[PDB]
């Protein structure tokens, strides 16, 4: 046999890299169901798989759109092993921009994919894990799920939502033998979508010039943060592996400790003033 892993959002970034990392593991201990919202995006996954010489049958792609419980259920049915040892909820959407410039549908979609989609995955796969008294659920988290980032209001809302979702589940799942962990990622080097945001023109047309100016500042700041802190997806994917291998996985794994300090500041001040002030200064100088 093998550790059956099913990962959502494997078209790019972390999910893609994790899928191939697992499938190509020298031990051949993993059987990966790299699921993708749209199978038409599986090319990079297969290119990466081949690059890592994933043995035939180590990696299988399934369509799995986490917005669709039917898709979730259909993918689950495609797990020939009849069990998922490791469920990686990585499907996600970003949403960047002045809150008032974000389309309502875009906002809804982010919550639907990031939060409800993860809920759908958990509803579909948790029961069997609880029944077996075993199973690892890894959820791609973000430091933006731990601290608010201007112009990422909805994205952060969704990532924070995952924190609440997973933490709540973790409290319950403790004695079930089902381990849920969030892999708290910082910026990761991944060239994938999200550019559906909106051109400067459309953004400026949906917000005020001051907010737009701040948005620019945030973007400039974000570029710097990525330029300085973005991790390779391989390093991040390895954190998932680490969480997977841990006999007693913690609720959270950080891919970086870079933001722990800013994070510590949030509990040091539950009023949130310290964080807000510090982050405003951090982002806007």
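So that the term is clear: the rigid core is the largest set of C-alpha atoms that superpose within 1.5 Å between two forms. Residue numbers count along the first chain shown, from 1.
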message: I'd like to know which segment deviates more from the shown structure in 7 other deposited structures of this protein: 116-124 or 200-208, using C-alpha RMS over all structures and residues after a core fit.
response: 200-208
task: Taking the root mean square of C-alpha distances over all structures and residues in 7 other deposited structures of this protein, with a rigid core superposition, name the larger of 6-14 and 261-269.
output: 261-269
message: Check this for me: in at least a third of the other entries compared, is residue 194 absent while its neighbours are modelled?
response: yes
- prompt: According to the deposited model, is the average Cα temperature factor higher in 132-140 or in 188-196?
  reply: 188-196
query: With respect to the recorded C-alpha B factors, which stretch has the higher mean value, 216-224 or 254-262?
result: 254-262
statement: Among 158, 207, 168, 90, highest Cα B-factor in the entry goes to 207
Residue selected from 112, 202, 153, 85 by maximal Cα B factor: 202
- request: Check where residue 126 lands among this chain's C-alpha B-factors and tell me if it's the lowest, middle or highest third.
  value: middle
task: Could you look up the Cα B-factor of residue 4 in the entry and say which third of the chain it sits in: lowest, middle or highest?
output: middle
task: Pull the Cα B-factor of residue 80 out of the PDB entry and bin it into the chain's lowest, middle or highest third.
output: highest
- request: Sort the modelled residues of this chain by their C-alpha B factor and say whether residue 174 lands in the lowest, middle or highest third.
  value: highest
statement: residue 66: CA temperature factor from the record, placed by chain third, in the lowest
